[PDB]
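Coming up is one lone chain in structure tokens, specifically the form deposited in one PDB entry.
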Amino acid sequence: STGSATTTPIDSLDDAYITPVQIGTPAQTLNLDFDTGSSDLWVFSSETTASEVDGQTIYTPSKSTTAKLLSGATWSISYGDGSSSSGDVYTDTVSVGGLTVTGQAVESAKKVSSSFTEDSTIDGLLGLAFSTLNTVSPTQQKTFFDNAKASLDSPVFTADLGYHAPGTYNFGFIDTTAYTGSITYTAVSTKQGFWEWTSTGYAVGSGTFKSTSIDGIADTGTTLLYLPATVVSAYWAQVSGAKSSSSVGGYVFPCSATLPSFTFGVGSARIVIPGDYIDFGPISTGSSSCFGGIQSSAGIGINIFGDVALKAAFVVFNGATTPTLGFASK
């Protein structure tokens, strides 16, 4: 089997991407944030505290003939940006772009933090990291991908995020028309439950390539590119007027600037992020100070190849018994 679904930026800055997902019988379609950095599939629901729902589409398990309460199961998660959610668990039929999984754990939110409430466009998350990170207790549950894997033509999914444009998540096959040149594969460590890999280095603009190992995770659920302070300092030094602002919470730059590109290494291959991808606009409405798309990972504890990096590439998440990651230009 295979599946193929379009993923769409939630706003003009590509702050996140939503993908339609069919849940239950008859189908209830929710727009979920596919997140390769976590492993819970959770949704706004009829059980969510009413004051914490503001425009989202909710899942109503009582209206699904295939929904079953997973007795005694609860979940609770907190993300890297400080947001959180929690609730109980159903199993139900879940389909993504024509690919169907029966008995998928659908985690129903009873509580969500303010940032989820305030984002009307995101109806929940669909985690695509390794199932070892799943927070369901007392019986850990599998991700949609892990459940589908045995049925897929090939045990892979691919992320093809667009810049200011729609893109695609495919399951079970590699679309050889979706990228240029070849796909370069690189080793993955699953020791922390992430799609963790080691970049071979970087370049700023037309500058010389610096060979240096940068361990980080491929994370579709994170907007920005978070890298070591040395690397990030080297990037923003090439932008006149750029500076790190503690009050804003990272590097900002004059909106009149032209940003240089940023290149990262995948083995001997190179992925180039155009400068425009690194612009996240005025820090507040009307401001001439703009927020940068490359930020320091110093306060995070891990380097994160988020959407800023990933949308410059066609990315293969290979879930073979020894998982690997593939990157191609596009």
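Here the rigid core means the biggest group of C-alpha atoms that line up within 1.5 Å when the two forms are laid on top of each other. A residue's number is simply how far along the shown sequence it sits, counting from 1.
Exercise. If you line up the core and then measure how far each C-alpha sits from this form in 9 other deposited structures of this protein, which stretch comes out higher, 34-42 or 280-288?
Worked result: Once the cores are fitted, 280-288 deviates more in 9 other deposited structures of this protein.
For this session: Could you settle it for me: does 300-308 or 31-39 have the higher average Cα B factor in the PDB entry?
Result: So the stretch with the higher mean C-alpha B-factor is 300-308.
Exercise. On average, are the C-alpha B-factors higher in 147-155 or in 253-261?
Worked result: 147-155 has the higher mean C-alpha B-factor.
Exercise. Out of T168, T184, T132, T223, which one has a C-alpha B factor higher than all the others in the entry?
Worked result: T132 has the highest C-alpha B-factor of those listed.
Exercise. Checking the entry, which one of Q238, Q104, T230, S113 has the top C-alpha B factor?
Worked result: Highest CA B-factor of the listed options: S113.
For this session: Could you say whether, by C-alpha temperature factor, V315 belongs to the lowest, middle or highest third of its chain?
Result: Ranked within chain, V315 CA B lands in the lowest tercile.
Exercise. With respect to C-alpha B-factor, does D119 fall in the lowest, middle or highest third of the chain as deposited?
Worked result: For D119, whose C-alpha B-factor we compare with every modelled residue in the chain, the answer is the highest third.
Problem set entry | Ranked against its chain, the third holding the CA B-factor of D160 | Bottom third by C-alpha B-factor.
For this session: Using the B-factor values recorded in the entry, state whether the Cα atom of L69 falls in the lowest, middle or highest third among the modelled residues of its chain.
Result: According to the entry, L69 has a C-alpha B-factor in the chain's highest third.
For this session: Taking the chain's C-alpha temperature factors as the reference, tell me which third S1 falls into: lowest, middle or highest.
Result: Answer is highest: the recorded C-alpha B-factor places it there.
There is also a form deposited with a small molecule bound; it is not shown, and the following applies to it.
Problem set entry | The unique member of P228, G201, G103, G80 whose heavy atoms fall within 4.5 Å of the small molecule in the deposited complex | Contact check passes for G80.
For this session: Could you spot which one of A67, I304, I273, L30 gets a heavy atom to within 4.5 Å of the small molecule in the deposited complex?
Result: Answer to the contact question: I304.
Exercise. Is there any non-hydrogen atom of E107 lying within 4.5 Å of the small molecule in the deposited complex?
Worked result: So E107 does not count as contacting the small molecule.
Exercise. Just to confirm, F194 within 4.5 Å of the small molecule in the deposited complex by heavy atoms?
Worked result: Yes.
Problem set entry | Partner contact for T48 in the deposited complex: the small molecule, 4.5 angstroms, heavy atom | Because no heavy atom of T48 falls inside 4.5 Å of the small molecule in the deposited complex, the answer is no.
Exercise. Should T222 be counted as a contact of the small molecule in the deposited complex, where contact means heavy atoms within 4.5 Å?
Worked result: Flag for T222 set to yes.
Exercise. Where, among 295-303, 57-65, 22-30, 260-268, do residues come within 4.5 Å of the small molecule in the deposited complex by heavy atom distance?
Worked result: Going through the listed ranges, the match is 295-303.
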